[PDB]
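Peer 1: My file is final_26.cif. It has mmCIF, C-alpha atoms and all ligand atoms:
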data_coords
loop_
_atom_site.label_atom_id
_atom_site.label_comp_id
_atom_site.auth_asym_id
_atom_site.auth_seq_id
_atom_site.Cartn_x
_atom_site.Cartn_y
_atom_site.Cartn_z
CA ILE W 1 126.46 -47.24 -59.76
CA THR W 2 127.69 -43.83 -60.88
CA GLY W 3 131.45 -44.19 -60.86
CA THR W 4 134.54 -44.56 -63.00
CA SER W 5 135.02 -47.49 -65.38
CA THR W 6 137.90 -49.73 -64.32
CA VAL W 7 139.45 -53.09 -65.19
CA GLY W 8 139.81 -55.77 -62.57
CA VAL W 9 141.42 -59.17 -62.76
CA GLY W 10 140.35 -62.51 -61.41
CA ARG W 11 140.03 -66.21 -61.92
CA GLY W 12 137.00 -68.06 -63.20
CA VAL W 13 135.52 -71.36 -62.13
CA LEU W 14 137.99 -73.45 -64.14
CA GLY W 15 141.01 -71.54 -62.72
CA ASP W 16 141.66 -69.32 -65.72
CA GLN W 17 142.76 -65.71 -65.23
CA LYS W 18 140.82 -62.99 -67.03
CA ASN W 19 140.29 -59.24 -67.01
CA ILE W 20 136.84 -57.93 -66.22
CA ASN W 21 135.21 -54.55 -66.68
CA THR W 22 134.28 -53.05 -63.33
CA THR W 23 133.13 -49.72 -61.85
CA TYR W 24 134.80 -47.94 -58.98
CA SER W 25 132.95 -45.85 -56.41
CA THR W 26 134.33 -46.59 -52.94
CA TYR W 27 134.13 -50.28 -53.85
CA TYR W 28 134.81 -51.95 -57.16
CA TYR W 29 131.57 -53.32 -58.59
CA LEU W 30 130.85 -55.96 -61.21
CA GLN W 31 129.36 -53.32 -63.46
CA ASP W 32 130.66 -53.20 -67.08
CA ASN W 33 129.86 -49.80 -68.57
CA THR W 34 131.52 -50.61 -71.91
CA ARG W 35 128.60 -52.64 -73.32
CA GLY W 36 125.20 -51.09 -73.95
CA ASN W 37 123.44 -49.91 -70.82
CA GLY W 38 125.70 -52.09 -68.76
CA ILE W 39 126.36 -55.66 -67.62
CA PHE W 40 125.72 -56.14 -63.89
CA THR W 41 126.55 -59.16 -61.74
CA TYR W 42 124.96 -59.81 -58.36
CA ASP W 43 125.57 -62.00 -55.30
CA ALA W 44 122.49 -64.08 -54.36
CA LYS W 45 124.37 -65.20 -51.19
CA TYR W 46 123.08 -68.78 -51.33
CA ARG W 47 119.47 -67.58 -51.21
CA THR W 48 116.66 -67.44 -53.75
CA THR W 49 115.75 -63.73 -53.42
CA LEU W 50 116.72 -62.04 -56.71
CA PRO W 51 118.77 -60.27 -57.79
CA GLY W 52 120.66 -60.02 -54.53
CA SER W 53 123.40 -57.46 -54.02
CA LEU W 54 125.36 -55.82 -56.83
CA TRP W 55 128.75 -57.50 -56.52
CA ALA W 56 131.18 -55.28 -54.49
CA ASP W 57 134.87 -55.92 -53.97
CA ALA W 58 137.40 -53.91 -52.02
CA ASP W 59 140.48 -54.22 -54.30
CA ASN W 60 139.38 -55.05 -57.87
CA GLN W 61 141.07 -58.50 -57.60
CA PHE W 62 138.73 -61.47 -57.89
CA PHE W 63 140.80 -64.51 -56.98
CA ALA W 64 138.78 -65.97 -54.09
CA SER W 65 136.94 -69.23 -54.65
CA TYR W 66 133.71 -67.34 -53.83
CA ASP W 67 134.50 -64.85 -56.63
CA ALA W 68 134.95 -67.38 -59.44
CA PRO W 69 131.31 -67.86 -60.51
CA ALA W 70 130.81 -64.07 -60.53
CA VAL W 71 133.92 -63.50 -62.66
CA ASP W 72 132.70 -65.96 -65.28
CA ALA W 73 129.02 -64.85 -65.28
CA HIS W 74 130.24 -61.26 -65.80
CA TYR W 75 132.91 -62.04 -68.40
CA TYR W 76 130.85 -64.49 -70.45
CA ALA W 77 127.89 -62.13 -70.46
CA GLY W 78 130.27 -59.64 -72.09
CA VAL W 79 131.45 -62.16 -74.67
CA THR W 80 127.84 -63.04 -75.48
CA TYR W 81 126.98 -59.36 -75.88
CA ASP W 82 129.92 -58.99 -78.27
CA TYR W 83 128.81 -61.99 -80.30
CA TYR W 84 125.32 -60.64 -80.84
CA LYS W 85 126.59 -57.10 -81.58
CA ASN W 86 129.52 -57.98 -83.84
CA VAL W 87 128.04 -61.01 -85.63
CA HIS W 88 124.31 -60.09 -85.83
CA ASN W 89 124.28 -56.33 -85.33
CA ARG W 90 122.04 -56.90 -82.29
CA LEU W 91 122.44 -54.60 -79.29
CA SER W 92 121.81 -56.71 -76.20
CA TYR W 93 118.91 -59.08 -75.88
CA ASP W 94 116.14 -56.58 -76.74
CA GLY W 95 118.04 -54.96 -79.62
CA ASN W 96 118.15 -51.68 -77.72
CA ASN W 97 121.01 -52.23 -75.30
CA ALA W 98 118.97 -53.46 -72.31
CA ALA W 99 121.03 -53.92 -69.18
CA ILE W 100 122.19 -57.47 -68.74
CA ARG W 101 121.86 -58.74 -65.18
CA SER W 102 123.14 -62.00 -63.66
CA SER W 103 123.06 -63.44 -60.15
CA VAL W 104 125.45 -66.12 -58.89
CA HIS W 105 125.48 -68.22 -55.75
CA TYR W 106 121.77 -68.88 -56.20
CA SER W 107 120.44 -71.21 -53.50
CA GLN W 108 122.43 -74.17 -52.13
CA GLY W 109 123.62 -77.17 -54.14
CA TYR W 110 121.64 -75.87 -57.11
CA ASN W 111 122.42 -77.83 -60.27
CA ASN W 112 120.83 -75.43 -62.69
CA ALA W 113 120.92 -72.00 -64.36
CA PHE W 114 118.03 -70.07 -65.85
CA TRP W 115 116.62 -66.89 -67.34
CA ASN W 116 113.73 -65.77 -65.08
CA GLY W 117 112.17 -63.31 -67.56
CA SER W 118 114.39 -60.45 -66.37
CA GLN W 119 117.90 -61.77 -65.63
CA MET W 120 120.20 -64.80 -65.67
CA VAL W 121 120.62 -66.91 -62.55
CA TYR W 122 123.33 -69.49 -61.77
CA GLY W 123 123.56 -72.18 -59.16
CA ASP W 124 126.84 -73.36 -57.71
CA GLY W 125 126.10 -77.02 -58.34
CA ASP W 126 126.46 -79.71 -55.75
CA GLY W 127 130.10 -80.41 -56.78
CA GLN W 128 129.12 -83.82 -58.25
CA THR W 129 126.66 -83.23 -61.09
CA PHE W 130 127.79 -79.62 -61.62
CA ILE W 131 130.33 -77.06 -60.54
CA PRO W 132 129.17 -73.41 -60.67
CA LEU W 133 127.18 -73.13 -63.85
CA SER W 134 128.51 -69.77 -65.07
CA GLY W 135 131.81 -71.64 -65.71
CA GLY W 136 130.39 -72.72 -69.06
CA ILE W 137 130.31 -70.06 -71.78
CA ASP W 138 127.78 -72.21 -73.66
CA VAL W 139 125.62 -72.18 -70.52
CA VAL W 140 125.85 -68.40 -70.11
CA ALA W 141 125.07 -67.82 -73.82
CA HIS W 142 122.23 -70.44 -73.69
CA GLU W 143 120.61 -68.41 -70.92
CA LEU W 144 121.09 -64.99 -72.55
CA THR W 145 119.67 -66.47 -75.73
CA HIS W 146 116.42 -67.26 -73.89
CA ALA W 147 116.15 -63.49 -73.40
CA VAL W 148 116.76 -62.92 -77.11
CA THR W 149 114.08 -65.48 -78.02
CA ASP W 150 111.61 -63.97 -75.56
CA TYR W 151 112.03 -60.59 -77.19
CA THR W 152 111.86 -61.87 -80.78
CA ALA W 153 110.05 -65.07 -81.78
CA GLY W 154 108.61 -65.52 -78.30
CA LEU W 155 108.41 -69.30 -78.66
CA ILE W 156 106.03 -70.63 -76.02
CA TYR W 157 107.91 -72.94 -73.64
CA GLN W 158 105.89 -76.08 -74.27
CA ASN W 159 105.83 -78.90 -76.83
CA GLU W 160 107.40 -78.18 -80.25
CA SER W 161 107.66 -74.40 -79.87
CA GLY W 162 109.39 -75.02 -76.56
CA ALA W 163 111.83 -77.54 -78.06
CA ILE W 164 112.68 -74.92 -80.74
CA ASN W 165 113.17 -72.35 -77.94
CA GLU W 166 115.63 -74.76 -76.29
CA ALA W 167 117.42 -75.67 -79.51
CA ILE W 168 117.87 -71.97 -80.36
CA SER W 169 119.58 -71.48 -76.98
CA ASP W 170 121.83 -74.55 -77.55
CA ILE W 171 122.65 -73.42 -81.07
CA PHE W 172 123.60 -69.87 -80.12
CA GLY W 173 125.28 -71.06 -76.92
CA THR W 174 127.49 -73.22 -79.12
CA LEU W 175 128.09 -70.47 -81.69
CA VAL W 176 129.15 -68.12 -78.86
CA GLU W 177 131.49 -70.84 -77.60
CA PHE W 178 133.03 -70.99 -81.12
CA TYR W 179 133.24 -67.19 -81.23
CA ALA W 180 135.28 -67.11 -77.99
CA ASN W 181 137.34 -69.97 -79.49
CA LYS W 182 138.49 -71.78 -76.33
CA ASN W 183 138.07 -75.56 -76.68
CA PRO W 184 134.88 -75.15 -78.70
CA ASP W 185 132.67 -78.11 -79.45
CA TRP W 186 129.11 -79.15 -80.34
CA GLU W 187 128.34 -80.41 -76.82
CA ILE W 188 126.37 -78.50 -74.17
CA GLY W 189 127.64 -77.79 -70.66
CA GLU W 190 130.79 -79.94 -70.74
CA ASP W 191 132.94 -77.39 -68.87
CA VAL W 192 130.84 -77.50 -65.68
CA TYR W 193 129.31 -80.97 -65.83
CA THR W 194 130.48 -83.88 -63.69
CA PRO W 195 133.95 -82.76 -62.60
CA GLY W 196 134.66 -86.45 -61.77
CA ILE W 197 133.94 -87.71 -65.34
CA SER W 198 136.01 -86.77 -68.43
CA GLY W 199 134.54 -85.97 -71.86
CA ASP W 200 130.81 -85.96 -71.12
CA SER W 201 128.18 -83.24 -71.22
CA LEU W 202 124.52 -82.68 -70.51
CA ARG W 203 123.45 -82.64 -74.21
CA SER W 204 125.11 -83.19 -77.56
CA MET W 205 124.26 -81.44 -80.82
CA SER W 206 126.51 -83.74 -82.86
CA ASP W 207 124.92 -86.90 -81.41
CA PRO W 208 121.92 -86.14 -79.25
CA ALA W 209 121.31 -89.87 -78.75
CA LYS W 210 124.57 -90.05 -76.74
CA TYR W 211 122.50 -88.69 -73.81
CA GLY W 212 119.20 -90.28 -74.80
CA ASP W 213 117.74 -87.40 -76.76
CA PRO W 214 116.03 -87.98 -80.10
CA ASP W 215 117.89 -87.35 -83.36
CA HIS W 216 114.87 -88.02 -85.60
CA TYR W 217 111.28 -86.82 -85.46
CA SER W 218 110.08 -90.44 -85.34
CA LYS W 219 111.73 -90.69 -81.90
CA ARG W 220 110.13 -87.52 -80.51
CA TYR W 221 108.84 -87.57 -76.95
CA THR W 222 105.05 -87.11 -76.94
CA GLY W 223 104.35 -87.12 -73.17
CA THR W 224 103.80 -84.49 -70.52
CA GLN W 225 107.15 -84.34 -68.63
CA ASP W 226 109.56 -81.45 -69.11
CA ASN W 227 106.84 -79.19 -70.56
CA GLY W 228 106.19 -81.74 -73.30
CA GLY W 229 109.87 -82.60 -73.80
CA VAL W 230 111.42 -79.19 -74.43
CA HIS W 231 114.93 -80.35 -73.41
CA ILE W 232 114.39 -83.74 -75.07
CA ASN W 233 112.97 -82.93 -78.48
CA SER W 234 115.46 -80.06 -78.83
CA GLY W 235 117.79 -82.89 -79.94
CA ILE W 236 115.96 -83.15 -83.26
CA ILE W 237 116.57 -79.50 -84.09
CA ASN W 238 120.06 -79.46 -82.62
CA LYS W 239 120.96 -82.38 -84.91
CA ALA W 240 119.53 -80.51 -87.93
CA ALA W 241 121.58 -77.43 -87.02
CA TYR W 242 124.72 -79.51 -86.57
CA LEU W 243 124.12 -81.09 -90.00
CA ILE W 244 123.55 -77.77 -91.72
CA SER W 245 126.88 -76.50 -90.33
CA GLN W 246 129.12 -79.57 -90.43
CA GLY W 247 127.44 -81.93 -92.86
CA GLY W 248 126.96 -85.67 -92.63
CA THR W 249 124.82 -88.61 -93.63
CA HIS W 250 122.16 -89.31 -91.05
CA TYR W 251 119.55 -92.07 -91.49
CA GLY W 252 120.76 -92.36 -95.08
CA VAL W 253 120.23 -88.65 -95.94
CA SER W 254 123.37 -86.76 -96.95
CA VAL W 255 123.87 -83.12 -96.02
CA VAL W 256 126.60 -80.84 -97.40
CA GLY W 257 127.81 -78.61 -94.57
CA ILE W 258 127.83 -74.88 -95.10
CA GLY W 259 129.70 -73.95 -91.87
CA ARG W 260 128.83 -72.31 -88.59
CA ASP W 261 128.74 -68.67 -89.72
CA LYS W 262 126.01 -69.42 -92.29
CA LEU W 263 124.17 -71.62 -89.80
CA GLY W 264 124.12 -68.63 -87.39
CA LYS W 265 122.96 -66.23 -90.11
CA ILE W 266 120.15 -68.55 -91.24
CA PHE W 267 118.90 -69.30 -87.75
CA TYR W 268 119.29 -65.70 -86.49
CA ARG W 269 117.19 -64.51 -89.43
CA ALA W 270 114.57 -67.27 -88.91
CA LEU W 271 114.37 -66.39 -85.20
CA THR W 272 114.02 -62.66 -85.70
CA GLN W 273 111.82 -62.51 -88.87
CA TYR W 274 109.83 -65.71 -89.35
CA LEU W 275 109.26 -67.67 -86.16
CA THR W 276 106.28 -66.91 -83.91
CA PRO W 277 105.23 -67.92 -80.38
CA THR W 278 103.46 -71.05 -81.69
CA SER W 279 105.91 -72.20 -84.39
CA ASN W 280 106.22 -75.96 -84.72
CA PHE W 281 109.10 -77.96 -86.23
CA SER W 282 107.61 -77.94 -89.73
CA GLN W 283 107.25 -74.13 -89.48
CA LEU W 284 110.87 -73.89 -88.30
CA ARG W 285 111.89 -75.79 -91.45
CA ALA W 286 109.93 -73.30 -93.58
CA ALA W 287 111.38 -70.32 -91.68
CA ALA W 288 114.93 -71.65 -92.14
CA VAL W 289 114.39 -72.35 -95.84
CA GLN W 290 112.99 -68.81 -96.32
CA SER W 291 115.86 -67.22 -94.38
CA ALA W 292 118.47 -69.12 -96.43
CA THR W 293 116.65 -68.12 -99.63
CA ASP W 294 116.64 -64.43 -98.54
CA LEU W 295 120.41 -64.57 -97.78
CA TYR W 296 121.81 -66.83 -100.51
CA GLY W 297 119.08 -67.33 -103.13
CA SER W 298 116.52 -70.02 -103.83
CA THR W 299 118.88 -72.16 -106.00
CA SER W 300 121.71 -71.99 -103.52
CA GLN W 301 123.56 -74.79 -101.83
CA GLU W 302 122.65 -73.18 -98.52
CA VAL W 303 118.96 -73.66 -99.17
CA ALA W 304 119.60 -77.21 -100.46
CA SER W 305 121.49 -78.09 -97.28
CA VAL W 306 118.80 -76.66 -94.98
CA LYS W 307 116.29 -78.95 -96.77
CA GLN W 308 118.55 -82.00 -96.58
CA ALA W 309 119.22 -81.43 -92.85
CA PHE W 310 115.51 -81.24 -92.01
CA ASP W 311 114.85 -84.32 -94.22
CA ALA W 312 117.62 -86.17 -92.33
CA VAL W 313 115.84 -85.56 -89.01
CA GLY W 314 112.42 -86.40 -90.43
CA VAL W 315 110.96 -82.88 -90.32
CA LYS W 316 108.94 -81.98 -93.38
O1 LIG W 401 115.17 -75.86 -66.22
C1 LIG W 401 115.15 -74.88 -67.02
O2 LIG W 401 114.23 -74.51 -67.81
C2 LIG W 401 116.40 -74.06 -67.09
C3 LIG W 401 117.40 -74.78 -67.97
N1 LIG W 401 118.63 -74.71 -67.24
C4 LIG W 401 119.50 -75.69 -67.20
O3 LIG W 401 119.35 -76.75 -67.80
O4 LIG W 401 120.55 -75.42 -66.39
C5 LIG W 401 121.84 -76.05 -66.81
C6 LIG W 401 122.32 -75.87 -68.13
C7 LIG W 401 121.91 -74.79 -68.88
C8 LIG W 401 122.38 -74.62 -70.17
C9 LIG W 401 123.29 -75.50 -70.73
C10 LIG W 401 123.72 -76.59 -69.97
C11 LIG W 401 123.25 -76.76 -68.67
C12 LIG W 401 117.50 -74.04 -69.30
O5 LIG W 401 118.21 -73.03 -69.40
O6 LIG W 401 116.80 -74.48 -70.22
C1 LIG W 402 116.18 -93.31 -69.04
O1 LIG W 402 116.98 -92.11 -69.24
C2 LIG W 402 118.31 -92.22 -68.92
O2 LIG W 402 118.77 -93.26 -68.41
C3 LIG W 402 119.21 -91.01 -69.24
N1 LIG W 402 120.61 -91.24 -68.80
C4 LIG W 402 119.17 -90.74 -70.75
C5 LIG W 402 119.85 -91.83 -71.61
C6 LIG W 402 119.07 -92.82 -72.20
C7 LIG W 402 119.65 -93.81 -73.01
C8 LIG W 402 121.03 -93.80 -73.22
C9 LIG W 402 121.82 -92.80 -72.64
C10 LIG W 402 121.23 -91.81 -71.83
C1 LIG W 403 117.99 -87.09 -67.11
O1 LIG W 403 117.63 -86.35 -68.33
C2 LIG W 403 118.25 -86.80 -69.45
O2 LIG W 403 119.05 -87.74 -69.42
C3 LIG W 403 117.98 -86.07 -70.75
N1 LIG W 403 118.86 -86.63 -71.81
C4 LIG W 403 116.49 -86.17 -71.14
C5 LIG W 403 116.00 -87.60 -71.24
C6 LIG W 403 115.50 -88.24 -70.10
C7 LIG W 403 115.08 -89.56 -70.20
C8 LIG W 403 115.17 -90.23 -71.42
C9 LIG W 403 115.63 -89.57 -72.56
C10 LIG W 403 116.07 -88.25 -72.47
CA CA W 404 139.06 -58.78 -53.99
CA CA W 405 133.91 -76.64 -74.98
CA CA W 406 130.14 -76.74 -75.43
CA CA W 407 132.44 -84.06 -66.78
ZN ZN W 408 117.18 -73.47 -71.89
#
Here is the file; what I need is its structure written in the form of structure tokens.
Peer 2:
Amino acid sequence: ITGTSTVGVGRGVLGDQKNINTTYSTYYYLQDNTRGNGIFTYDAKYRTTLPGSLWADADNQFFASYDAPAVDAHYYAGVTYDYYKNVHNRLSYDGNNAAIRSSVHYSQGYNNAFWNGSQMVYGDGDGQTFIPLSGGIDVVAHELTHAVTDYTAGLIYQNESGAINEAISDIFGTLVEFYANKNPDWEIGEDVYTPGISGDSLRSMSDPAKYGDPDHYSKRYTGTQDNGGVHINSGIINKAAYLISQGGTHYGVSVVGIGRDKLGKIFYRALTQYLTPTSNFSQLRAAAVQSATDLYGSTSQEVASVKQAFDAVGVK
């Protein structure tokens, strides 16, 4: 839309009030002109045709139940943009301020979210397994991070490269969650998962085994399901990332934590300089070691801790 930049107010999926950047031209649109070439949020109207209709509102107030997933998709896309710009000097997912597009109300009872190669897409959930998936900042940032990966390393979504692709999205989804600094944790999707059950999530970085995912290469899934275990074997890398940041002793191997900012710097550099579409876990270890060496020096604690973390998860 060509219009005037405005600021609306609304409530997200969890009932929290927030301001959102909109555009006025007859209607108020979920179009944020303040970030790159724009952030745009669409109504899929319970169908599967994408993107749907650019979100229009008569009064710039977004307090209806129907509005909530749109408010959060829009707002959290903005936060994620700010993370990548302010923390990594990256302008949108392509590094050149590409427009960021999201659609909400995708399909009916849809317990998923995704990046379709061009935009983010969020189901509303069935109300049992999930509530609308844009309610989770880690979910939103997970999805935008797929776009970042696709434009950078281009990790093929199968087997080990695919599990790295997934872990990169969990890692940066979590780092974005810490950036926004509202109830941050090392768990994935907790804000929108199982409204009837307290304290659970879909995946855990701190203890992947909590939800059945491997936390050691010896436990890797070797079958055909889930594109060769991309959401399963991600646990191995997620655990390594958690260890690098927070430290711990895992399977008898002790890791000195170097904190989340350095974790993000190391992995952002590995992703954008060293990984390739076919990188496997061993190559991820090498990429991370090289990135830490570039940033902190070969004799550094940071490099030492990256090595210990990959040792701890059995990745040589
Ligand atoms: O099925 C797919 O490939 C899309 C998958 N989506 C997915 O699992 O939807 C829910 C969710 C997303 C991120 C964090 C927690 C929950 C993905 O993005 O990897
Ligand atoms: C068979 O997969 C399952 O039952 C899933 N709930 C994963 C899981 C496995 C083991 C422990 C906890 C969770
Ligand atoms: C339902 O998917 C899950 O629970 C995931 N934790 C993947 C998984 C499935 C089965 C066994 C182990 C891991
Ligand atoms: Ca309204
Ligand atoms: Ca949280
Ligand atoms: Ca989380
Ligand atoms: Ca829950
Ligand atoms: Zn993913």
Peer 1: Could the residues of chain W that have an atom at most 9 Å from ligand CA 405 (chain W) be listed as a Markdown table, each with its closest atom pair and the distance in Å to one decimal, counting only C-alpha atoms and all ligand atoms and ordered by chain and ascending residue number?
Peer 2:
| residue | atom | partner | partner_atom | distance |
| --- | --- | --- | --- | --- |
| W:136 | CA | W:CA405 | CA | 7.9 |
| W:137 | CA | W:CA405 | CA | 8.2 |
| W:138 | CA | W:CA405 | CA | 7.7 |
| W:174 | CA | W:CA405 | CA | 8.4 |
| W:177 | CA | W:CA405 | CA | 6.8 |
| W:178 | CA | W:CA405 | CA | 8.4 |
| W:181 | CA | W:CA405 | CA | 8.8 |
| W:182 | CA | W:CA405 | CA | 6.8 |
| W:183 | CA | W:CA405 | CA | 4.6 |
| W:184 | CA | W:CA405 | CA | 4.1 |
| W:185 | CA | W:CA405 | CA | 4.9 |
| W:186 | CA | W:CA405 | CA | 7.6 |
| W:187 | CA | W:CA405 | CA | 7.0 |
| W:188 | CA | W:CA405 | CA | 7.8 |
| W:189 | CA | W:CA405 | CA | 7.7 |
| W:190 | CA | W:CA405 | CA | 6.2 |
| W:191 | CA | W:CA405 | CA | 6.2 |
Peer 1: Using only C-alpha atoms and all ligand atoms, what table do you get, as a tab-separated table, when you list each residue of chain W with an atom no more than 12 Å from ligand CA 407 (chain W), its nearest pair of atoms, and their distance in Å rounded to one decimal, rows by chain then rising number?
Peer 2:
residue	atom	partner	partner_atom	distance
W:127	CA	W:CA407	CA	10.9
W:128	CA	W:CA407	CA	9.2
W:129	CA	W:CA407	CA	8.2
W:130	CA	W:CA407	CA	8.2
W:131	CA	W:CA407	CA	9.6
W:136	CA	W:CA407	CA	11.7
W:187	CA	W:CA407	CA	11.4
W:188	CA	W:CA407	CA	11.1
W:189	CA	W:CA407	CA	8.8
W:190	CA	W:CA407	CA	5.9
W:191	CA	W:CA407	CA	7.0
W:192	CA	W:CA407	CA	6.8
W:193	CA	W:CA407	CA	4.5
W:194	CA	W:CA407	CA	3.7
W:195	CA	W:CA407	CA	4.6
W:196	CA	W:CA407	CA	6.0
W:197	CA	W:CA407	CA	4.2
W:198	CA	W:CA407	CA	4.8
W:199	CA	W:CA407	CA	5.8
W:200	CA	W:CA407	CA	5.0
W:201	CA	W:CA407	CA	6.2
W:202	CA	W:CA407	CA	8.9
W:203	CA	W:CA407	CA	11.7
Peer 1: Nearest to ligand CA 406 (chain W) among W:204, W:19, W:112, W:149, with distances taken over all atoms listed in the file: which residue is it?
Peer 2: W:204
Peer 1: For segment 306-309 of chain W, work out the shell of residues within 7 Å, counting only C-alpha atoms and skipping chain neighbours fewer than 5 positions away, then give it as a PDB file with C-alpha atoms, in the coordinates of the input.
Peer 2:
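Produced file part.pdb, reproduced below:
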ATOM      1  CA  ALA W 240     119.530 -80.510 -87.930  1.00  0.00           C
ATOM      2  CA  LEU W 243     124.120 -81.090 -90.000  1.00  0.00           C
ATOM      3  CA  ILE W 244     123.550 -77.770 -91.720  1.00  0.00           C
ATOM      4  CA  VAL W 253     120.230 -88.650 -95.940  1.00  0.00           C
ATOM      5  CA  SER W 254     123.370 -86.760 -96.950  1.00  0.00           C
ATOM      6  CA  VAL W 255     123.870 -83.120 -96.020  1.00  0.00           C
ATOM      7  CA  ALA W 288     114.930 -71.650 -92.140  1.00  0.00           C
ATOM      8  CA  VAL W 289     114.390 -72.350 -95.840  1.00  0.00           C
TER       9      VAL W 289
END
Peer 1: List as an MDAnalysis selection string: which residues have an atom within 12 Å of (135.7, -57.0, -56.1), counting all atoms listed in the file?
Peer 2: chainID W and resid 6:11 20:31 41:43 54:64 66:68 70:71 74
Peer 1: Name all residues at most 7 Å from residue 220 of chain W (count only C-alpha atoms; drop same-chain ones fewer than 4 positions away) and give them as a list in words.
Peer 2: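 Listed by chain and then number, they are residues 214, 216 and 233 of chain W.
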Peer 1: Could the residues in this selection be written to a file with C-alpha atoms, as a CSV table (one decimal), in the coordinates of the input?
Peer 2:
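result_26.csv was written with the following content:
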chain,number,residue,atom,x,y,z
W,214,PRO,CA,116.0,-88.0,-80.1
W,216,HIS,CA,114.9,-88.0,-85.6
W,233,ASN,CA,113.0,-82.9,-78.5
Peer 1: Give as a list in words the residues surrounding ligand ZN 408 (chain W) up to a distance of 10 Å, considering only C-alpha atoms and all ligand atoms.
Peer 2: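 Written in the requested form, the residues are residues 113, 114, 115, 139, 141, 142, 143, 144, 145, 146, 157, 162, 163, 165, 166, 167, 168, 169, 170, 173, 230, 231 and 234 of chain W.
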Peer 1: Hey, can you check how far atom CA of residue 236 of chain W sits from atom CA of residue 281 of chain W?
Peer 2: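 So the two atoms, atom CA of residue 236 of chain W and atom CA of residue 281 of chain W, lie 9.1 Å apart.
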Peer 1: List the residues sitting within 10 Å of (112.2, -65.7, -85.0) in the file's frame, using only C-alpha atoms, as an mmCIF file with C-alpha atoms, in the frame of the given file.
Peer 2:
data_model
loop_
_atom_site.group_PDB
_atom_site.id
_atom_site.type_symbol
_atom_site.label_atom_id
_atom_site.label_comp_id
_atom_site.auth_asym_id
_atom_site.auth_seq_id
_atom_site.Cartn_x
_atom_site.Cartn_y
_atom_site.Cartn_z
ATOM 1 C CA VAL W 148 116.760 -62.920 -77.110
ATOM 2 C CA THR W 149 114.080 -65.480 -78.020
ATOM 3 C CA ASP W 150 111.610 -63.970 -75.560
ATOM 4 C CA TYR W 151 112.030 -60.590 -77.190
ATOM 5 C CA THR W 152 111.860 -61.870 -80.780
ATOM 6 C CA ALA W 153 110.050 -65.070 -81.780
ATOM 7 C CA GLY W 154 108.610 -65.520 -78.300
ATOM 8 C CA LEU W 155 108.410 -69.300 -78.660
ATOM 9 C CA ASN W 165 113.170 -72.350 -77.940
ATOM 10 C CA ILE W 168 117.870 -71.970 -80.360
ATOM 11 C CA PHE W 267 118.900 -69.300 -87.750
ATOM 12 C CA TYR W 268 119.290 -65.700 -86.490
ATOM 13 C CA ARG W 269 117.190 -64.510 -89.430
ATOM 14 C CA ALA W 270 114.570 -67.270 -88.910
ATOM 15 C CA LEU W 271 114.370 -66.390 -85.200
ATOM 16 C CA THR W 272 114.020 -62.660 -85.700
ATOM 17 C CA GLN W 273 111.820 -62.510 -88.870
ATOM 18 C CA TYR W 274 109.830 -65.710 -89.350
ATOM 19 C CA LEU W 275 109.260 -67.670 -86.160
ATOM 20 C CA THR W 276 106.280 -66.910 -83.910
ATOM 21 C CA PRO W 277 105.230 -67.920 -80.380
ATOM 22 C CA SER W 279 105.910 -72.200 -84.390
ATOM 23 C CA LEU W 284 110.870 -73.890 -88.300
ATOM 24 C CA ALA W 287 111.380 -70.320 -91.680
ATOM 25 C CA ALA W 288 114.930 -71.650 -92.140
#
Peer 1: Report as CSV: every residue of chain W with an atom at most 6 Å from ligand LIG 403 (chain W), its closest pair of atoms, and their distance in Å to one decimal, counting only C-alpha atoms and all ligand atoms, with rows sorted by chain and ascending residue number.
Peer 2:
residue,atom,partner,partner_atom,distance
W:211,CA,W:LIG403,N1,4.6
W:212,CA,W:LIG403,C9,4.3
W:213,CA,W:LIG403,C10,4.7
W:232,CA,W:LIG403,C4,5.1
Peer 1: One decimal, Å: what's the distance from atom CA of residue 311 of chain W over to atom CA of residue 245 of chain W, could you say?
Peer 2: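 Taking atom CA of residue 311 of chain W as the start and atom CA of residue 245 of chain W as the end point, the length is 14.9 Å.
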Peer 1: Point out the residue among W:264, W:293, W:2, W:313 with the least atom-to-atom distance to residue 208 of chain W, counting only C-alpha atoms.
Peer 2: W:313
Peer 1: Report, in Å to a single decimal, how far apart atom CA of residue 210 of chain W and atom CA of residue 14 of chain W are.
Peer 2: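 So the two atoms, atom CA of residue 14 of chain W and atom CA of residue 210 of chain W, lie 24.8 Å apart.
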